[PDB]
Structure formats: C-alpha cells, structure tokens
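Trainee: One structure, as structure tokens, below. Some questions next.
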Amino acid sequence: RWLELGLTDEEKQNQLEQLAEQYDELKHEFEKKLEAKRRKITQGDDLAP
Amino acid sequence: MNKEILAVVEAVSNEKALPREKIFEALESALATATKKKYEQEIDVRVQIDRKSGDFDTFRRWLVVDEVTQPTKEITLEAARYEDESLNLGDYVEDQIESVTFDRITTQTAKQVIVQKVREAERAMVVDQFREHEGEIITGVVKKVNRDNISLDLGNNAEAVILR
Amino acid sequence: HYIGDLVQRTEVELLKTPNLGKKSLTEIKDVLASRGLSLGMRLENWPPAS
Amino acid sequence: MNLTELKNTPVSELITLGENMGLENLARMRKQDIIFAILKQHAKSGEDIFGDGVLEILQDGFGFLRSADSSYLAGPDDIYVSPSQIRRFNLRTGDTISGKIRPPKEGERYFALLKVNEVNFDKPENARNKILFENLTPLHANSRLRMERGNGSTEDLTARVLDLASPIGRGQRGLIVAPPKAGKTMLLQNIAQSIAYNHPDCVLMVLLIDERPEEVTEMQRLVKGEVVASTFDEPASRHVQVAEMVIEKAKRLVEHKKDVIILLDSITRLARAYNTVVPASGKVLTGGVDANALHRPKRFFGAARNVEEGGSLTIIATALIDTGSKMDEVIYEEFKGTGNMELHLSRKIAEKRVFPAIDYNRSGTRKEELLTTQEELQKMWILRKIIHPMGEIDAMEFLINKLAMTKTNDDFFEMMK
Amino acid sequence: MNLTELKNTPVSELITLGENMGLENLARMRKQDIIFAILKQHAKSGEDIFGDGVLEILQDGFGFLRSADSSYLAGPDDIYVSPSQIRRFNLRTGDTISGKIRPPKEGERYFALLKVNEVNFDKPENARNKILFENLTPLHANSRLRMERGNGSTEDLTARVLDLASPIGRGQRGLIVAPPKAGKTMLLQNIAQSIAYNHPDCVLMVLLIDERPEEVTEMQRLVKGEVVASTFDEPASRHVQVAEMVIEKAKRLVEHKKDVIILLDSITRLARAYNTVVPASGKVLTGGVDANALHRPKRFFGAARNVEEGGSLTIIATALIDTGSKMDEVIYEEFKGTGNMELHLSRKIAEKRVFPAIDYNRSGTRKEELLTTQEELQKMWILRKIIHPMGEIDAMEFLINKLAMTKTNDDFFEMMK
Amino acid sequence: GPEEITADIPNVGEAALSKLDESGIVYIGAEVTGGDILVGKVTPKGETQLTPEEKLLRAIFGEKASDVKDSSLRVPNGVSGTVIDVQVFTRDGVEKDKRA
Ligand SMILES: Nc1ncnc2c1ncn2[C@@H]1O[C@H](COP(=O)(O)OP(=O)(O)O)[C@@H](O)[C@H]1O
Ligand SMILES: Nc1ncnc2c1ncn2[C@@H]1O[C@H](COP(=O)(O)OP(=O)(O)O)[C@@H](O)[C@H]1O
Ligand code: BEF
Ligand code: BEF
Ligand SMILES: [Mg+2]
Ligand SMILES: [Mg+2]
C-alpha cells in the first residue's frame, strides 16, 4: 500500500511512474466494468402494459 | 430504518396517552424482546433509540450477582478491574450492537408490545385522571352485563367495573 | 488445553489475558458454559488418572 | 502519559514524536487527532495511562473530559466516563477530574477513566462531601485585593489609578463600561499581570468571548493563568457552552474553598450569543432582544459573591457601549443597575492619547469601606472631594501626572498633603 | 498543451485553431465546450497533454480541476482525478495541481491527471509535508505594506491619504464601511495597482461577488493579478462555492509560506448569499437573517492572520451600509466589532464630488505601532491631534489639498512642520 | 388503485402468514404442502387514495384493509414441494421492494 518511493530518479522515477500509470488504468477500468455490471443488473425491465 | 421509527412515533393518534418518550421506551422494550428471541440465551438488554439525534443501538445488562446460570447476565461482585465498571453491582456494557428490528418475528413482537403498552397507558391515564373522584357520585352507561361482573362506559375511553 | 484445566480458571484471568476483547470473551462465556458447566468451579480430583 | 504535558508541547514536537513512534506522516491530521493517534500507539505499547480533564455531563448522563487548550470542545482526544462513576463519586459539571485511563476498544471512540485520583485538587473521598455553591451564604467583599505592583513603570500607573478610583476585593462583582477604541484589552492584561504578581495564591481565570484570534494567542501565553477563549469562528452554541462550563468550574473551585477571579470580555457579545441561542419567548422588545434571553447572562453575572464559609468568586466583565447598536444599548441598559463594582472609561479621553482613559466621578464601588482601612478611606475621600469640581480630561491628566510623579499610592497620598 | 495558454487566448483565436484542426463550425459550442473539443482532437493526434487547475474534492472523494477564467465552475474542460491520487500525494481543497494529463475514454467525461509535477508551486514530494493552516499560531501584522506609489498623480493621492489614515500590513484584517454611490470600486482598483507596483512578490487576489459583469470584465484585465469574480446571474450556490474555494486556495498558499491578499466586494452580498444558501436554524431575528447563517462568513472573515512561522493572509472586505436594508443593517451590526482594520467612507463627501471620500476620526487600525516606526508614529499622532477638532468635509478637503500640494507622505510630513 | 405485494393479508390465520417474510414473499427454503399463501397480492376494490397514516394504523389498531379481495396467489391443491428461488422484476420507475 506504499508504492510511493523514489531514489536515483533518472530511471527509477520513470519506471515507477509507468507502473503507477498502469495501476491507475487497471483500477479505473475495473471500476468502470464494475459500474457497468451494476447498472446492467440494477436497471428495471419492461414487463407488460 | 430510523425513518420508519420516526414515522411510527409521529403517526400515533393518542399522542397524549403515549408521548414520544414512553413510545420510544416501548420500542426499546420491544427490541429487547426481539433480541431475547434472537439468541437461544435469555439476556435482558436496553436500546436507547436516541430519540432526536439518530438511529438506535443496543447495550447489554449484567445484573451483577454471584450466580453463574445464563452467564450473559452473570458478573461477580468484584469483576470491576478492567472494562471500567468500578462498581459492585449494576455495571452494564454496550457489547452487543447490530440488532435486526425489521423481520417478521421482530415486527410481530413489536406490535405485541405496542398494543400491550397502549392498553397499559390508557389504563394509567384514565385512572390518574378519574381517581380523585373516589368519594364522589359519577354517572355512566353500562355496556356489558355478566353473571360475575359488568362494565360501564364513562366517556373518553373510560371503563368502570361493577362486581357482584 | 483441557476443559478440566479451564474450569479452574475464573474470569479474573480472562479480562487480563492478552488479545481478548468483547467478542472473544462473549464466545468463551457462551459456547463454554451453555453445556451445563460453569466458568470457575472448585474441584480437586483432576486429572484422574492422567 | 499526561494529556497536558503532551498537548502544551509545540505541534512540531508532536509531529516528531509521532514519527519516532512509527506512524504515518502526521502533518495531515489535526492536533486533537494527532494526540488521539499518539495516545493510541503509546497505549498499544502497554503504558497504563494517566489523564485529566474538565467534566461535562450531557443529556444522557455520561461524562466527557474536555481539555483547556481546545477551549473545552469535542474531539477524539476526549475521555468518556459512564454515569456509574458519576453516581459513585458524586461528580458534577465543572469538576476537573484526573486519574488512570485505559486504551479504547472497537466500537468505542473515547478513553475510559478507571479510577479518579484527583477531583478539583482534592481527595476523591472528600469529593462527595462538599457544600453546594447555591446553598452558600453570600457576603460583601472583606479582604482587599491590592493591585499596586510597586515598580512605578509606565504600565504600573494603569493599576495605580485603578486603586485610586475603585477598590477591588475577593468575590466582588465588576463591570467595565467602555466604548470601543478604548484599550480594554490593555486594562485586562494589566489587571491579569497585577493579580499574577501580587496574589499568586488565588487562581486566575481569564475568558475572551467572541474575540479575534490574535488576542487569543496573545493572552494564552502572556499572562500567568489558565486562559480559555472562544473566537467568533464558531456559532453561539460553543460560546454559551464554554460560558456555562467555566462558571461551573469556578463554582466547583469555590465549593472547594478556592478564591477564583473571572475576567470576561465582553459581556455584551456573550449576551448577544445567549440571545441568538435561545428559542423565542413569544414577544419582542426594542433591538430584537428576547425577554428571557438575558436570564442566563444575568445569572452568570450574579454568580459572583463573597462566601462567608470560605473561598470567593470575583468577576470583572467588560461591556460594550456607544457602538450605535440597539441590541448593545438595551444590554447595557439592563446590566447597568446590576453590579456593585463599576469602572467607566471615557472614549473622548481614550482616543485623545491619554491612557488609561478613566472616569473618576462615574466609577465607584458600593460598600467600599469594607475593603479598605480608615487611612485609605480618608485619602480616597479627600481625592474625590478635590476631583469632583474638576472636569473630565483635565482632571484625568492632572491625576495621571501626579501619579507618575511617584512610585506607589503611599507616596501620592503623602505628596497630596 | 497547457490549459491556461489555450484559454486566455481570445475566442476568435480558438475558433480559427479549431477550424485549422479540421472541426465543425465552432461558433455553436461554448468556450468550455470549444476547449474540450480542441483538447479532444489535439490528443487524438497523440500529444501527451500537460494540464493544470485548482482542486475541488466533492462529497464522494474524487477531485475536479477547475480553471480560473471560468471562476471555478463545472464544464467539459474539467480534469477528473480518483481519490487514490488524493490519498497518495495527500491533496486537499484549494491546492492548485499541475501535471501530465491524458485523453478521456468512452463513458468517461473528463480528463485524468496521471502524475503531478507541481503542487502550489512546489515539489510533489514536499506537498505531503506542510503544516496545516489551522495549526498555525496567528500574530499581529509586523511588516508594513506601504501603499504610496511615488508619482504624485491625480490617482496616487487615493493611496497617499490611505497611508495617512490607517496603516496596513501583511495578514491584516480589513473592512471597508462605505455606503453606495461612493466609489469603492475605484478604491479597490487603486489599492490593487498599488500592491502590484510596490509589492509584486506577494500574490494579489481580488474577488468580486454578486457584482455586475462590467466591473468583472474591467477588473479581469486592468489589475496585475489573478482575478476571479462571480456575477449575480447565478444562484448563491456558486457564490458560496467560489468563496470557500478561494479561501481554501489562500490557506494552501499561506501553508506554502506565501503572502496572499484577498480583496472582497462585497462582504454584505456574500453574507446575503450565505444566508439564503443555508437551511433554516429554527428561529428568526430582525431582517429575515438566520442565526448560524453568519457562521461561515464570520469564519471567512477570521481566516485572515499573520503567521509567525511564515506567510500571511491579508483581507480587505467592503461592506454595504446605509442602503435602507434591514438585512444589510444587521449584517453591518454583526461585522462592526469583528476586525482590527476599518476604513469608513462618508457618503456625504462621496456624492459631494470630493474624492476620495474618507473619514479620518472614524477609521483607524489596532496595534498600529507594530506596523510603523516611531517616526511615522509621531507624524500620524500629530496629524490626528490636528484633525480631531476639525469637521468632516472641511478637514477632508484641507487634507487632500495639503496632500496634492506635494508628491509623497514625506514631503507632507516635512511641510507639516 | 394499483395492486400491492404487502404482507398484511386480512381475514387469514397467523399460521398462514408465518411463512411470508416482512415484505410478503415466502422465505427461501420453506416447505409447502397444500394451498398456502406465498405471495401477498392484494387488489383494492373500494375507496382509493389510502393515506399512509391510516394505512400503517390498520396494521396496529382499528379495522383491517377491506380493499384487498384476498387476491394472494397460492399453490394448487395436491402439489407440494420446497421453494428454492424467487425472481422479481419491476417496471421502470416503480420502487423495488427489499427482496429485489
Ligand atoms: N497605558 C497605555 N500606555 C500607552 N499606550 C497605550 C496604553 N493603553 C493603550 N495604549 C495604546 O492604545 C492602543 C489601544 O489598542 P487596543 O488595545 O486595540 O484598544 P482596545 O483594546 O481598547 O480596543 C494601543 O495600540 C496602545 O498603543
Ligand atoms: N477616488 C476617485 N477619484 C476619481 N473619481 C472617482 C473616485 N471614486 C469614485 N469616483 C467616480 O465615482 C464613480 C463611482 O462609481 P462606482 O465605482 O460604481 O461607485 P462605488 O464603487 O462607489 O459604488 C466612478 O464613475 C468614478 O468616476
Ligand atoms: F479591542 Be477593540 F475595542 F475591539
Ligand atoms: F459599487 Be456600487 F456601490 F454598487
Ligand atoms: Mg479592546
Ligand atoms: Mg463599486
């Protein structure tokens, strides 16, 4: 839970920011898929007039 | 859930005979009976619904005695070292929370306690308001006659009894 | 480890035992004494014969 | 670990302590939250705790231990006590309680006081045996509270003239009728320094209500006493709460036979807050002020008295007049004929660069003969006789010149002959 | 592509840029929508983006990056950030964040900040290590903020007399008690030009609330500073939102040890908005104003202080009096005894064509000796002594004549001898 | 008036209502042998615009809900079994019950 680290920035900062980008994108894609699934399973269904 | 209890406390018709305080304590007793029915043990507890602030909670009563039967309500006369009791008897705790108060059995026992206490409250109010008449002559219409006792309507939900 | 050794252990050692809160104490007082026995008793013949 | 010796430490010291205790960066949480986390960890290392705080009983019956630096507010650093302890040791509002405390549990949000070792600087056994403050028989002030410092500096005159205008004693009821732009804060600082130097035995209590924060931080580390204040960044609820609880603390201290003195600034803003906190009474007088809204402030003003058995409760409250406010006008009108000790300050002399701007003929003290011997009695009588025909500003400047000509009041009396 | 260097461009420039980028006729969509579409296409061409904006955390916990030109509003040009970044870099409201941003996705409606490279003009590593604004210890103003320009023009007098009436310093609390028809906008423009010329190091912040749009477009391109305003064409929600967020930005800047100065106009309309945005408290005083409705404005007014460690937060708020409004009457009554710096403007002199209409005896500054040496101290004391017996209009015109007779305050002091 | 799935079925024994939940649907894993109420379907027949106050009061004091017609569906006679699953579907806009 403490990904925040840095030393010898010239390459370490680049690799750590790339991994942070990947982590953010993965978490956001998972949250969006979760929200889509929830909205699909929670929306009402037409039954009859 | 607190919205439901607020609705049921505001929807009382005879708010005089049962104001908010005694209605909330009736609901406390009903939830205590519901919690008793929840666990197979027999432990008496209090609720303290927090009438005006928010939702309810539950506590756990000990009734400190030297017995051991039903240890949920058994604490020795000296178990006041840790957990901050500091007293000999009467020390209770908030240990149990998360009481379900909306299922079928809970609703049934709630309605039962509510009707029992509205009967008790109408009885108490009528006796407190027409007891000082002891020694005076008052009229009233009878409504049921039996071989052992008859009933009388005095008005404003007042019931008098006449024995043999 | 033995119930015959735990029955000779009143509550005074439970609330002082480390890592014992309110749920663990409730368990050790409910699922233990509901079998008919009591938490804290006075016996002498233990363990016969081991 | 005591709460005071940990909280009066600077914030940076708390940050370094928490960082040495192996914690997350403490620059995020507030001071109360920092103290809470520090105590949580310091108790996770064992360390049976020793805490203290002023007691407040809520509507439910339990008690909360508030701290002095937070001006008696609610925070995670508070200590909770069940009504069982209050029924056992016979506690009440305003009683400062100090004793052993333990870590909290899951579901609990505050610490628990196990056993009390001090109640208002007394044995917990004698805490249940104490005469009530209301059952006491008030009397007039007898012991003179001399305010003369003795160094004769440019500030000591501020108290010298005071002693030359209206004597003050233990349990006296004091009002300061001063318009704005007058330097009431300077008068309060001078009187606090005088009471801290001359009479360090009696506990000093200074209260600043509805005040700017600069004066709060100035008073909290300039005078020798427990300074509790309340700025205008909070609703009237906190104002009336701290007022009630400081007066309860003073009452408990007097019940413990202790001489307390409460400096209040200002009574007008406190009455304003008490008016806007109370629901309406049905009708309205001029200024938008309710009728019963002044019942609580008036009580607060009447709590001052000289106890015959022991102890005293002196009060000095500053009033705001000449502000063009209908509300303040009616508040001063109500509070005028209420106390026996009054000090009027002239705004015309105040903003004329003649300090301290005092009004001799308008100020005085009822039953002043009980607070001074015949010697100073006759001296002040001669002073009043010679100052009555004089004007306001000329008399004020002549008196301050003749006062600065010497060191103390005795040399002035001798030169007046 | 930065957001500021694209938005501060004229609208026609944005239209031609979008048309060169191969887009539909951009005269239909609004400025925010034009910026959104331009960024969408400029990112569709690759071009890893670099954005910036002031942070706002909602009730959910995520953050939105608002821009200064749109007066911190919600639009398609906003940048979204998840609470994960706020938990990592320890962000808070009012912190301006600048760094790399990416294109959005389907279902997403805002851009995402990938990594921050600047937080309040600081390293993102030190952004988590910063003392809170509330934990700071306020003090009085020490460094004098001189307002004298030095050219002696027909407008410089407006500041000269100011320096002759009430000294002003860093972290000072300022009120402008002026009826309408007085030219408060002219005073604000003069003080902004003075602070931009004399002290360009401290960031200038000017805020116009509930104002006509003409003054908004005048101030946004006349003074040298970041101008955020809010016209009356929006409900009180936007007013209180921009107030809270500009004060959060000022607090963050002070926490970063920066001297900020907030010019506000008017505090009366802002209090009106704060009153109509808050739900009722249960009861009502004269004027239809709620009790707790003034808690937030009062706090806003009390946020000004002189930090002992570093930085300062000066405020100058204009109040509306003499408008015949019960609400404004009670607002001014509440705000009168709140600050230590006040400037009263006389309407009778204002609409008498004698500018600037100032009131000498009514205006002043508490603890003014901490903002000036003994030299100007004695000079201002002599000035007050000579102006006190004089009237209002005659004294004002005599002072402005003797001021225009010279260039600066030193020549006036020398001719006064 | 529209139809409801409330559990307050009047003119019926409490033993029949004991199988239903707080909403009006039988629990998951309840045994039924004969015709028993497993859904609390009610249909109003008389006066409309039932006020919520008197609505909840009928469940406590006073009279019962007359406009019901006792249209609660039951299992046919002879067929038995244990209910294992429930599937509820609501119209767009209508508020769902707690079982949904
Ligand atoms: N005894 C005194 N000697 C010298 N100067 C004084 C004295 N009392 C007040 N002053 C001056 O008068 C000013 C009063 O300021 P302040 O305390 O804010 O007024 P108030 O508290 O009455 O509103 C101070 O700046 C101080 O320089
Ligand atoms: N100090 C000044 N010098 C010259 N003209 C002034 C000055 N103050 C005000 N005015 C004139 O008075 C008018 C006031 O306009 P405005 O700023 O809208 O009023 P206010 O801000 O006082 O409500 C301006 O048009 C300006 O020309
Ligand atoms: F101290 Be000032 F008179 F508000
Ligand atoms: F600026 Be004006 F007083 F509306
Ligand atoms: Mg003062
Ligand atoms: Mg203007």
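Residues are referred to by chain and number: the chain letter is A, B, ... according to the order shown in the structure tokens, the number counts from 1 in that chain, and ligands are numbered separately from 1 in the order shown.
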At a cut-off of 10 Å around ligand 4, and using only C-alpha atoms and all ligand atoms, what residues come up? Please write them as a list in words.

Mentor: residues 178, 179, 180, 181, 182, 183, 184, 185, 186, 210, 211, 212, 215, 265, 266, 318, 319, 320, 321 and 323 of chain E

Trainee: Show me, as an MDAnalysis selection string, the residues that have an atom within 10 Å of residue B:29 when counting only C-alpha atoms, minus same-chain residues fewer than 2 positions from it.

Mentor: chainID B and resid 23:27 31:35 44:48 109:110 113:114

Trainee: Limited to N, CA and C atoms, could you put the picked residues into a file as a compact mmCIF listing (two decimals), in the first residue's frame?

Mentor:
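Output file part15.txt follows:
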```txt
# COMPACT_ATOMS: atom_id res chain seq x y z
N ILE B 23 -43.28 6.15 24.14
CA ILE B 23 -43.34 5.38 22.90
C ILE B 23 -41.97 4.82 22.55
N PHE B 24 -40.93 5.65 22.70
CA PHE B 24 -39.58 5.19 22.40
C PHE B 24 -39.13 4.13 23.39
N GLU B 25 -39.51 4.26 24.67
CA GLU B 25 -39.15 3.22 25.62
C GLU B 25 -39.94 1.93 25.39
N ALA B 26 -41.17 2.04 24.88
CA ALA B 26 -41.90 0.86 24.44
C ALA B 26 -41.19 0.17 23.29
N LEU B 27 -40.72 0.95 22.32
CA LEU B 27 -39.95 0.37 21.22
C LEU B 27 -38.66 -0.25 21.72
N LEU B 31 -37.68 -4.10 21.14
CA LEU B 31 -36.41 -4.54 20.56
C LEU B 31 -35.64 -5.44 21.53
N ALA B 32 -35.76 -5.20 22.83
CA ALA B 32 -35.14 -6.08 23.81
C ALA B 32 -35.75 -7.48 23.75
N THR B 33 -37.08 -7.55 23.65
CA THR B 33 -37.74 -8.84 23.49
C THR B 33 -37.33 -9.51 22.19
N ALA B 34 -37.19 -8.73 21.12
CA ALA B 34 -36.75 -9.28 19.84
C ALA B 34 -35.34 -9.86 19.95
N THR B 35 -34.43 -9.14 20.62
CA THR B 35 -33.08 -9.64 20.81
C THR B 35 -33.07 -10.89 21.68
N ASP B 44 -31.28 -9.91 29.06
CA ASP B 44 -32.03 -8.66 29.04
C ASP B 44 -31.10 -7.52 28.66
N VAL B 45 -31.58 -6.64 27.78
CA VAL B 45 -30.77 -5.55 27.24
C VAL B 45 -31.64 -4.31 27.10
N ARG B 46 -30.97 -3.17 26.91
CA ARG B 46 -31.63 -1.90 26.65
C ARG B 46 -31.20 -1.37 25.29
N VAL B 47 -31.99 -0.43 24.77
CA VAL B 47 -31.84 0.06 23.40
C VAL B 47 -31.35 1.51 23.37
N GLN B 48 -32.11 2.42 23.98
CA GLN B 48 -31.80 3.85 23.98
C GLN B 48 -31.70 4.39 22.54
N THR B 109 -43.43 -9.17 17.51
CA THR B 109 -43.22 -8.85 18.92
C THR B 109 -43.30 -7.35 19.16
N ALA B 110 -42.90 -6.53 18.18
CA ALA B 110 -43.03 -5.09 18.33
C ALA B 110 -44.49 -4.70 18.44
N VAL B 113 -45.89 -5.77 21.90
CA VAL B 113 -45.52 -4.88 23.00
C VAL B 113 -46.21 -3.53 22.85
N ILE B 114 -46.38 -3.06 21.62
CA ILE B 114 -47.01 -1.76 21.41
C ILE B 114 -48.47 -1.79 21.85
```

Trainee: Identify all residues of stretch 106-315 of chain D in alpha helix (DSSP H) (DSSP on the backbone) and supply them as a ChimeraX atom specification.

Mentor: /D:156-165,184-198,213-219,236-255,267-277,295-302

Trainee: Report the residues of stretch 149-266 of chain D whose backbone DSSP state falls under strand (DSSP E), written as a ChimeraX atom specification.

Mentor: /D:173-178,203-211,226-231,259-265

Trainee: Extract, using only C-alpha atoms, all DNA, RNA and protein residues at most 10 Å from stretch 85-95 of chain F, discarding same-chain residues fewer than 3 positions from it, and format them as JSON, numbers by chain.

Mentor: {"A": [43, 44, 45, 46, 47, 48, 49], "F": [25, 26, 27, 28, 29, 82, 98, 99, 100]}

Trainee: Restricting the output to N, CA, C and O atoms, write the selected residues as a PDB file, in the first residue's frame.

Mentor:
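Ended up saving to result.pdb:
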```pdb
ATOM      1  N   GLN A  43     -30.879  -2.085 -13.448  1.00  0.00           N
ATOM      2  CA  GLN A  43     -31.891  -1.397 -14.232  1.00  0.00           C
ATOM      3  C   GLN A  43     -33.169  -2.226 -14.302  1.00  0.00           C
ATOM      4  O   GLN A  43     -33.137  -3.459 -14.345  1.00  0.00           O
ATOM      5  N   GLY A  44     -34.304  -1.532 -14.306  1.00  0.00           N
ATOM      6  CA  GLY A  44     -35.578  -2.210 -14.394  1.00  0.00           C
ATOM      7  C   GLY A  44     -35.803  -2.841 -15.753  1.00  0.00           C
ATOM      8  O   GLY A  44     -35.121  -2.548 -16.736  1.00  0.00           O
ATOM      9  N   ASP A  45     -36.789  -3.731 -15.803  1.00  0.00           N
ATOM     10  CA  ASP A  45     -37.134  -4.455 -17.017  1.00  0.00           C
ATOM     11  C   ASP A  45     -38.601  -4.231 -17.353  1.00  0.00           C
ATOM     12  O   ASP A  45     -39.464  -4.283 -16.471  1.00  0.00           O
ATOM     13  N   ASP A  46     -38.877  -3.975 -18.629  1.00  0.00           N
ATOM     14  CA  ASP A  46     -40.254  -3.853 -19.082  1.00  0.00           C
ATOM     15  C   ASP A  46     -40.935  -5.215 -19.025  1.00  0.00           C
ATOM     16  O   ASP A  46     -40.361  -6.226 -19.442  1.00  0.00           O
ATOM     17  N   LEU A  47     -42.157  -5.244 -18.497  1.00  0.00           N
ATOM     18  CA  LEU A  47     -42.883  -6.491 -18.302  1.00  0.00           C
ATOM     19  C   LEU A  47     -44.122  -6.582 -19.181  1.00  0.00           C
ATOM     20  O   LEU A  47     -44.250  -7.520 -19.975  1.00  0.00           O
ATOM     21  N   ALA A  48     -45.033  -5.619 -19.074  1.00  0.00           N
ATOM     22  CA  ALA A  48     -46.290  -5.643 -19.810  1.00  0.00           C
ATOM     23  C   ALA A  48     -46.979  -4.291 -19.683  1.00  0.00           C
ATOM     24  O   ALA A  48     -46.737  -3.561 -18.714  1.00  0.00           O
ATOM     25  N   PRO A  49     -47.834  -3.916 -20.634  1.00  0.00           N
ATOM     26  CA  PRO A  49     -48.568  -2.652 -20.494  1.00  0.00           C
ATOM     27  C   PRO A  49     -49.612  -2.716 -19.390  1.00  0.00           C
ATOM     28  O   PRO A  49     -50.634  -3.396 -19.527  1.00  0.00           O
TER      29      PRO A  49
ATOM     30  N   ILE F  25     -43.264 -12.177   0.705  1.00  0.00           N
ATOM     31  CA  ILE F  25     -42.824 -13.313  -0.094  1.00  0.00           C
ATOM     32  C   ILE F  25     -42.277 -14.378   0.844  1.00  0.00           C
ATOM     33  O   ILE F  25     -41.581 -14.065   1.818  1.00  0.00           O
ATOM     34  N   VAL F  26     -42.603 -15.640   0.556  1.00  0.00           N
ATOM     35  CA  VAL F  26     -42.123 -16.737   1.383  1.00  0.00           C
ATOM     36  C   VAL F  26     -40.595 -16.780   1.353  1.00  0.00           C
ATOM     37  O   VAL F  26     -39.954 -16.353   0.384  1.00  0.00           O
ATOM     38  N   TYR F  27     -40.008 -17.280   2.437  1.00  0.00           N
ATOM     39  CA  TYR F  27     -38.560 -17.368   2.534  1.00  0.00           C
ATOM     40  C   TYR F  27     -38.021 -18.409   1.555  1.00  0.00           C
ATOM     41  O   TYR F  27     -38.768 -19.158   0.920  1.00  0.00           O
ATOM     42  N   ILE F  28     -36.697 -18.454   1.444  1.00  0.00           N
ATOM     43  CA  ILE F  28     -36.020 -19.379   0.543  1.00  0.00           C
ATOM     44  C   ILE F  28     -35.701 -20.638   1.342  1.00  0.00           C
ATOM     45  O   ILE F  28     -34.766 -20.663   2.144  1.00  0.00           O
ATOM     46  N   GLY F  29     -36.484 -21.690   1.120  1.00  0.00           N
ATOM     47  CA  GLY F  29     -36.273 -22.946   1.811  1.00  0.00           C
ATOM     48  C   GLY F  29     -37.422 -23.326   2.720  1.00  0.00           C
ATOM     49  O   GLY F  29     -37.231 -24.044   3.707  1.00  0.00           O
ATOM     50  N   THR F  82     -40.695 -27.700  -1.934  1.00  0.00           N
ATOM     51  CA  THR F  82     -39.993 -26.664  -1.193  1.00  0.00           C
ATOM     52  C   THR F  82     -39.526 -25.591  -2.164  1.00  0.00           C
ATOM     53  O   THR F  82     -38.871 -25.900  -3.165  1.00  0.00           O
ATOM     54  N   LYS F  98     -37.744  -4.782  -0.869  1.00  0.00           N
ATOM     55  CA  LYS F  98     -36.459  -5.137  -0.279  1.00  0.00           C
ATOM     56  C   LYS F  98     -35.942  -6.476  -0.792  1.00  0.00           C
ATOM     57  O   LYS F  98     -34.728  -6.708  -0.786  1.00  0.00           O
ATOM     58  N   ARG F  99     -36.829  -7.363  -1.245  1.00  0.00           N
ATOM     59  CA  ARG F  99     -36.370  -8.648  -1.764  1.00  0.00           C
ATOM     60  C   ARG F  99     -35.683  -8.483  -3.114  1.00  0.00           C
ATOM     61  O   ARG F  99     -34.705  -9.182  -3.413  1.00  0.00           O
ATOM     62  N   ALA F 100     -36.183  -7.567  -3.947  1.00  0.00           N
ATOM     63  CA  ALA F 100     -35.478  -7.238  -5.180  1.00  0.00           C
ATOM     64  C   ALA F 100     -34.094  -6.684  -4.879  1.00  0.00           C
ATOM     65  O   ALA F 100     -33.113  -7.044  -5.542  1.00  0.00           O
TER      66      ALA F 100
END
```

Trainee: Fewer than 5 positions away in the same chain doesn't count, so skip those; otherwise give me all residues within 12 Å of residue C:18, counting only C-alpha atoms, as a PDB file with N, CA and C atoms, in the first residue's frame.

Mentor:
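The result, written out as around-v1.pdb:
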```
ATOM      1  N   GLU C  13      -8.776 -14.045  35.072  1.00  0.00           N
ATOM      2  CA  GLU C  13      -7.664 -14.252  34.157  1.00  0.00           C
ATOM      3  C   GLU C  13      -8.039 -14.011  32.701  1.00  0.00           C
ATOM      4  N   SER C  24     -14.541 -12.275  21.768  1.00  0.00           N
ATOM      5  CA  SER C  24     -13.891 -13.500  22.220  1.00  0.00           C
ATOM      6  C   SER C  24     -14.328 -13.862  23.632  1.00  0.00           C
ATOM      7  N   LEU C  25     -14.468 -12.861  24.504  1.00  0.00           N
ATOM      8  CA  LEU C  25     -14.977 -13.119  25.846  1.00  0.00           C
ATOM      9  C   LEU C  25     -16.416 -13.615  25.798  1.00  0.00           C
TER      10      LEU C  25
ATOM     11  N   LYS D  44      -0.874   1.125  22.904  1.00  0.00           N
ATOM     12  CA  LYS D  44      -0.566  -0.149  22.264  1.00  0.00           C
ATOM     13  C   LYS D  44       0.770  -0.707  22.730  1.00  0.00           C
ATOM     14  N   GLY D  46       1.522  -0.894  25.790  1.00  0.00           N
ATOM     15  CA  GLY D  46       1.270  -1.053  27.214  1.00  0.00           C
ATOM     16  C   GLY D  46       0.988   0.295  27.833  1.00  0.00           C
TER      17      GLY D  46
END
```

Trainee: Atom CA of residue E:77 to atom CA of residue E:114: how many Å, to one decimal?

Mentor: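 These atoms are spaced 16.2 Å apart.
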
Trainee: Which residues come within 10 Å of residue A:1, counting only C-alpha atoms, excluding same-chain residues fewer than 2 positions away, as a PyMOL selection string?

Mentor: (chain A and resi 3-4) or (chain E and resi 88)

Trainee: Please identify every polymer residue within 9 Å of ligand 1, using only C-alpha atoms and all ligand atoms, and present the set as a ChimeraX atom specification.

Mentor: /D:154-158,178-188,190,350-351,353-357 /E:340,365-370

Trainee: For residue D:166, please output as a PyMOL selection string all residues within 12 Å (counting only C-alpha atoms; exclusion window: fewer than 2 positions along the same chain).

Mentor: chain D and resi 144-147+159-164+168-169+172+174-176+340-344+358-369+371-372+376-377+380-381+383-384

Trainee: Using the selection just defined, write its residues with C-alpha atoms as a compact mmCIF listing (two decimals), in the first residue's frame.

Mentor:
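Writing the result to again-v2.txt gives the following:
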```
# COMPACT_ATOMS: atom_id res chain seq x y z
CA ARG D 144 -8.72 43.91 49.87
CA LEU D 145 -7.19 42.71 46.59
CA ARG D 146 -4.38 45.23 46.15
CA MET D 147 -3.47 45.83 42.51
CA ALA D 159 -3.19 49.74 38.14
CA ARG D 160 -2.23 52.63 40.42
CA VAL D 161 -5.02 54.87 39.13
CA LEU D 162 -7.26 51.81 39.39
CA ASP D 163 -6.56 51.54 43.11
CA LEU D 164 -7.12 55.31 43.26
CA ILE D 168 -11.48 45.72 44.48
CA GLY D 169 -11.69 42.64 46.68
CA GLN D 172 -16.56 41.44 44.05
CA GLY D 174 -17.19 44.08 38.43
CA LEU D 175 -18.35 45.79 35.24
CA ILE D 176 -16.25 47.69 32.70
CA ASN D 340 -21.80 46.83 42.88
CA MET D 341 -18.44 47.46 41.17
CA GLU D 342 -18.27 49.57 38.01
CA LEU D 343 -15.47 51.24 36.04
CA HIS D 344 -16.40 53.75 33.34
CA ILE D 358 -10.70 56.54 33.22
CA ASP D 359 -13.79 58.29 34.57
CA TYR D 360 -13.48 59.10 38.27
CA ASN D 361 -16.88 60.53 39.20
CA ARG D 362 -18.80 57.93 37.18
CA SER D 363 -16.87 54.99 38.66
CA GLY D 364 -17.07 53.72 42.22
CA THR D 365 -17.70 50.76 44.48
CA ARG D 366 -20.56 50.04 46.87
CA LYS D 367 -19.61 49.24 50.47
CA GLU D 368 -16.03 50.31 49.76
CA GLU D 369 -15.41 50.86 53.49
CA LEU D 371 -12.43 46.78 51.52
CA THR D 372 -10.14 49.47 52.97
CA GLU D 376 -7.05 54.94 52.56
CA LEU D 377 -10.73 55.66 53.26
CA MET D 380 -9.82 58.49 48.78
CA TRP D 381 -12.47 60.75 50.31
CA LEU D 383 -9.22 62.68 46.48
CA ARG D 384 -12.90 62.53 45.50
```
